[PDB]
Amino acid sequence: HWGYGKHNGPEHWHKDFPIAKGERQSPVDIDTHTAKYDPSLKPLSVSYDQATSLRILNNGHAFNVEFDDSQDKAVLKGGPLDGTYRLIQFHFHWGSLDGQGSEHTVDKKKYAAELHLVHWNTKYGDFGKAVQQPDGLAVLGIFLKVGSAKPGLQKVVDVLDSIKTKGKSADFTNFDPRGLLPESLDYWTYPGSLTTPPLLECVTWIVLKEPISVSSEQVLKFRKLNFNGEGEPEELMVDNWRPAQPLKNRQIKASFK
Ligand SMILES: O=C(O)Cc1cccc([N+](=O)[O-])c1
Ligand SMILES: [Zn+2]
C-alpha cells in the first residue's frame, strides 16, 4: 500500500490513484510575486471556542487529533468560502531535518512542518459525501518553523509516546486548537486536493502566511513516531510530505496587500 518510501512514495501514487496527475493536485509552490491580492476575499472566521477533541490516532502516515463533528461546534467560514465547514481532524507533515517537511512551499522555501486543519462543508451532511464534491473540504494549512516552543502544542507532543506505532490511539479530550494558530489570519487560497490518497480534488486550500514557531525538542518528538506497527522493524515516521505539484490552470489569491 502507499506510503512515503522509495518503493511506495509519492512518485508511485498515480498507479493506484490516477487522479495524482490531475488538474487540481496539492500541495503547490506559492509564488508570492504572482499571487494576486484579491480585495473581494473576506477575513477568515475561525470559530473554535467549542471544539471538542476526542482522541489522537497514529494511522501509519501521520497522527490525527480528532474532533466530535456531530454538531456545529468548531467551524471555519468566510475567507474564500461560501457556507460553513466543520472541523473533523488535524494532523501534520514533517521532515527528517528542519530544512524540509512542509507540503506547500513559499517561493520554493520548505518549512520544517505543516499543520492541516481539515473541515467539511456542512451542506453535504458527512465527510464521506463531502469529499466527492469540488467544494467539499476546506483545509487550513499552517507552516511550522523551529525556534521558540509553542506552548499550545505541548499536550500533543507529550501524548505521542503512547501512540508510537501504526494503529495505536489514545483518549485526547479537551485539547484547544486555538493554541496552534498564529497571530495573523492573512492567507493564500487556491483550489486543490487531498495530499494523501485518495487525492480527491475536493479542497479549498487556505494557507496562512505567518508560520508558528515550535521548538526543536517538540519536532524531535514527532520524529520518534513510527510508520510501522507494534513490534515490526522500526522505520521512523519522518518525511511524510508530498512534494509540490504542477499548478496547471490555477490562480493563487492573497487575502492581503
Ligand atoms: O486518510 C487519508 O489520508 C485521506 C484524507 C483524509 C482527510 C484529510 C486528508 N487531507 O489531505 O487533508 C486526507
Ligand atoms: Zn495533510
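Counting starts with 1 at the first residue shown.
Including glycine, each Cβ sits where the backbone N, Cα and C put it.
Among the features that Swiss-Prot reports, active site, proton donor/acceptor is placed at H61. Remark: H61 (active site, proton donor/acceptor) has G3, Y4, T196, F227, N240 as non-local neighbours, by Cβ distance under 8 Å and separation of at least 6 in sequence.
Counting every protein chain shown, 27 other Cβ atoms lie within 10 Å of the Cβ of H93 (Zn(2+) binding site). Under the heading Zn(2+) binding site, Swiss-Prot lists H91, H93, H116, citing experimental evidence as support.
As annotated by Swiss-Prot, phosphoserine applies to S162 (among others). Residue environment of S162 (phosphoserine) contains 13 other Cβ atoms, counted within 10 Å of its Cβ in all protein chains.
Feature annotation from Swiss-Prot assigns phosphoserine to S169 (among others). Long-range C-beta contacts of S169 (phosphoserine), restricted to its own chain and to partners at least six residues apart, with a cutoff below 8 Å, comprise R55, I56, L57, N58, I163.
According to DSSP, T195 (substrate binding site) sits in a coil region rather than a helix or strand. Marked as substrate binding site by Swiss-Prot on the basis of experimental evidence: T195, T196.
Here the binding-site residues are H91, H116, and the one with the most other Cβ atoms within 10 Å of its Cβ is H116. Of the recorded residues, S162 (phosphoserine) and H91 (Zn(2+) binding site) place their C-alpha atoms 16 Å from one another. Here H93 (Zn(2+) binding site) is positioned 10 angstrom away from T195 (substrate binding site), judged by their C-alpha atoms. Other residues of the same chain near the Zn(2+) site, with their Cβ within 8 Å of the Cβ centroid of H91, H93, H116, are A62, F90, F92, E103, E114, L115, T195. Under the DSSP three-state reduction, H61 (active site, proton donor/acceptor) is assigned to coil, being neither helix nor strand. All protein chains included, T196 (substrate binding site) registers 22 other Cβ atoms within 10 Å of its own Cβ.
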